[PDB]
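Undergrad: Here is the sequence, then the experimental structure:
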Protein chains: 2
Amino acid sequence: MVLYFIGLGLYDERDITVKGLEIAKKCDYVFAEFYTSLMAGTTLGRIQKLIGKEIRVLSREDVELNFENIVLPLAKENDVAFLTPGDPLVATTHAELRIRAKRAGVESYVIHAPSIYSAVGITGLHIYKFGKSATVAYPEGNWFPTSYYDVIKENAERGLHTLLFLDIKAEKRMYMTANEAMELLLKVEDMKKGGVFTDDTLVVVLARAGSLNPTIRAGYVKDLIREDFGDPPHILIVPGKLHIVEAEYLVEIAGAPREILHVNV
Amino acid sequence: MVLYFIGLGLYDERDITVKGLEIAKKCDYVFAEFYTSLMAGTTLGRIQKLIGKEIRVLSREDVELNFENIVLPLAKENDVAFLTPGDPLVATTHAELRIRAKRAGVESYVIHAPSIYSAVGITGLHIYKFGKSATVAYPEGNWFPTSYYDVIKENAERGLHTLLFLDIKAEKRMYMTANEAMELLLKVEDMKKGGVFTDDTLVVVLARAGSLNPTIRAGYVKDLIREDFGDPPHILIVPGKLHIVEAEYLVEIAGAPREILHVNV
Ligand SMILES: Nc1ncnc2c1ncn2[C@@H]1O[C@H](CSCC[C@H](N)C(=O)O)[C@@H](O)[C@H]1O
Ligand code: NA
């Protein structure tokens, strides 16, 4: 009669919370989805071994189209868990799944875990200064989307930071790198010419947040565009004007050029 | 000779990640602060029992003025942990402590935990739609903080949601309620008269996120301003323009007036 939405956290099998693990262990059935994001520091086998339960993986279609025929039926006479990378309900369409549970007469509870939305605090950028967030998508065929560029412009214009999620092809296990994102934004800039993203724009790259050894780098596009940030996933951030303390952290912790202490403050 | 910044999560001792617990258990010394937020479902005693270590709690003064004299010295010859509610770097000035660590020749690592910043997902509001955040601070003497009002105005004009962290005076055991925040906002509205926050404004309240049964309520200020939302901590959210599914969730899960199902596109 109960469905538990449990987050797996940021990077590996140990990023689930103690509460999430203990509840998952008591569930009769355990489902998971890795189409919204993958757990790059672990494997399904390692997550299964930790939880001590067979984990049934669900595809995007399984969830978006058939959540009520696959997960909810079991949740009516058993305790069921639905595992997702990061924090539950962060993915845009997941909150609606709780409405489906209610419509099916199934109680649901949420067990939180770390999300990139809060983990970016490790960049030293003040959380309150982040504005609207966006995703950088690959142009395809006759389609060249550029809304994420407008988001950066509107945020920066108001002195706010912009969190940029990079395109991911979950099943194909293909990720957009920070380098690719930068190249794309420069191309968008050439078309928009709004002076929003250029070789002189200061950016911050966060890779493998959650890991004990994440990659945190800050610098100008002209210098970071061809830098190796390691294995994905990569997160790109275009900060707005910096508080001197944010600048100092980026220099001391993220290897940013001392130049930002006067150019971007 | 390492220093770990480990988050304890949203509500109780089980909101710590497995990674954080495993590491905290093996540290020689464990420090913590409980002035940046309130974990309403646990006690120092329960946390110590879980980690199996005696925890020395530090005051804001101990940290802000003496972190390098109290904690850092021990990190030179031992493994030290510094625990905090939620995520250690979110809506705190703790990130700056990593700079102090580096200057003392002490390596530091960050272990994230669920944060109220991403827990907003449980309100059904798309997290990417949140704009600049702010804190409703208690007036002090003749000083009456009001900038948080302008933040709401700025986001609202852009159709973005506004997360409002609420004040806390841990040494006085004072935790601002959503009701108190609403009263203060109405007072600022009377003074500024910008039509930003009135009795007809739609607001969302999230209390004790992390617990299994948090209070999630949505409705007009005129109706919620005197409602009992349970024990602290609370956060207040002023949504911007709503998507159809966001409104549906607020009505179905947060008990909002069915009339908000209607969106003025
Ligand atoms: N479990 C919880 N439920 C509701 N609000 C919470 C909360 N935990 C923190 N807050 C809100 O955030 C304020 C503390 S700000 C510090 C936040 C913390 N680092 C984190 O990562 O969550 C509180 O005064 C309250 O308004
Ligand atoms: Na945000």
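TA: Looks like it arrived, so ask away. Numbering: from 1, shown residues only, chains lettered A, B, ... in the order given. Ligands and ions are numbered 1, 2, ... in the order given.

Undergrad: To what extent is residue A:223 buried, counted in neighbours?
TA: When neighbours are counted by other C-beta atoms under 10 Å in any protein chain shown, residue A:223 registers 12. Bear in mind the C-beta positions are built from the backbone N, C-alpha and C, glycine included.

Undergrad: Surely it forms part of a helix?
TA: Yes: residue state for residue A:223 (DSSP: H, G, I helix; E, B strand; the rest coil) corresponds to a helix.

Undergrad: which SS state does the residue of chain A positioned farthest from its centre fall under?
TA: Within chain A, residue A:77 marks the point farthest from the mean C-alpha position, 33.3 Å out by C-alpha atoms, centre = their mean. Counting by three-state DSSP, the backbone at residue A:77 sits in coil.

Undergrad: my guess is it contacts residue A:3, does it?
TA: No: the criterion here is C-beta atoms under 8 Å, and residue A:77 misses it with residue A:3 at 11.9 Å.

Undergrad: How much space separates the residue farthest from the centre of chain A from residue A:106?
TA: According to C-beta to C-beta, to the nearest Å, residue A:77 and residue A:106 sit 10 Å apart.

Undergrad: Find the residues that touch each one of those two.
TA: residue A:1 (C-beta atoms under 8 Å, 6 or more residues apart in numbering or on different chains).

Undergrad: Tell me who's in contact with residue A:114.
TA: For residue A:114, the contacting residues are A:7, A:9-10, A:15, A:86-87, A:210, B:7, B:17, B:87, B:112-115, B:118, by C-beta under 8 Å, 6+ apart.

Undergrad: Could you report the separation of the residue farthest from the centre of chain A from residue A:105?
TA: Per C-beta to C-beta, residue A:77 is found 11 Å from residue A:105.

Undergrad: what does residue A:203 give?
TA: 48 Å.

Undergrad: how deep is the closest residue to ligand 2 within the stretch 151-265 of chain A tucked in, by neighbour count?
TA: Proximity of the stretch 151-265 of chain A to ligand 2 (C-beta to the ion) peaks at residue A:163, 6.4 Å away. Counted with other C-beta under 10 Å, residues neighbouring residue A:163 total 24.

Undergrad: Pairing partners for the helix or strand harbouring residue A:31, with directions?
TA: According to DSSP states H and E, residue A:31 maps onto strand A:29-33. Looking at strand A:29-33 with DSSP bridges, its partner strands are strand A:55-58 (parallel), strand A:79-84 (parallel).

Undergrad: and the helix or strand following that strand, what does it pack onto?
TA: Sequence order places helix A:44-51 as the next helix or strand after strand A:29-33, per DSSP H and E. Judged by 3 or more C-beta pairs under 8 Å, 6 or more residues apart in numbering or on different chains; DSSP states H and E, the packing partners of helix A:44-51 are helix A:18-26, strand A:29-33, strand A:55-58.

Undergrad: Now helix A:44-51: buried residues?
TA: For helix A:44-51, burial by neighbour count (16 or more other C-beta atoms under 10 Å in any protein chain shown) applies to A:47, A:50-51.

Undergrad: Also stretch A:235-244?
TA: Using 16+ other C-beta under 10 Å as the burial criterion, the residues of stretch A:235-244 that qualify are A:235-240, A:242.

Undergrad: buried ones in the longest helix that chain A contains?
TA: Determined from DSSP state H, the single longest helix within chain A is helix A:178-192. By 16+ other C-beta under 10 Å, the buried positions in helix A:178-192 come out as A:178-182, A:184-186, A:188-189.

Undergrad: Which positions in the stretch 101-250 of chain A make contact with ligand 1?
TA: In this structure, the stretch 101-250 of chain A approaches ligand 1 at residues residue A:118, judged by C-beta under 6 Å from any ligand atom.

Undergrad: which ones are touching the residue in the stretch 101-250 of chain A that ligand 2 sits nearest to?
TA: Going by C-beta to the ion, ligand 2 is nearest to residue A:130 of the stretch 101-250 of chain A, at 4.5 Å. By C-beta under 8 Å, 6+ apart, the residues touching residue A:130 are A:120, A:155, A:160-163, B:132-133.

Undergrad: again, only this time at 7 Å
TA: The contact partners of residue A:130, by C-beta atoms under 7 Å, 6 or more residues apart in numbering or on different chains, come to A:160-161, A:163.

Undergrad: Equivalent analysis for residue A:68, please.
TA: With C-beta under 7 Å, 6+ apart, residue A:68 has these contacts: A:100, A:104.

Undergrad: do you know how far it is from chain B?
TA: Distance of residue A:68 to chain B, given as C-beta to the nearest C-beta, to the nearest Å: 15 Å.

Undergrad: Where does that residue fall, secondary structure wise?
TA: With DSSP H and E as criterion, residue A:68 is part of helix A:60-70.

Undergrad: quick revisit: relative to ligand 1, which of the contacts of residue A:130 is nearest.
TA: residue A:163 (15.8 Å; C-beta to the nearest ligand atom).

Undergrad: show me what contacts the closest one?
TA: A:120, A:130, A:133, A:237.

Undergrad: just checking, which of those residues belong to strands?
TA: Using DSSP state E, the members of the contacts of residue A:163 that fall in strands are residue A:237.

Undergrad: Redo the contacts of residue A:163 as JSON lines? Include distance to residue B:170.
TA: Shown next, in JSON lines, are the contacts of residue A:163 (distance: C-beta to C-beta, whole Å):
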{"residue": "A:120", "distance to residue B:170": "26"}
{"residue": "A:130", "distance to residue B:170": "25"}
{"residue": "A:133", "distance to residue B:170": "31"}
{"residue": "A:237", "distance to residue B:170": "31"}
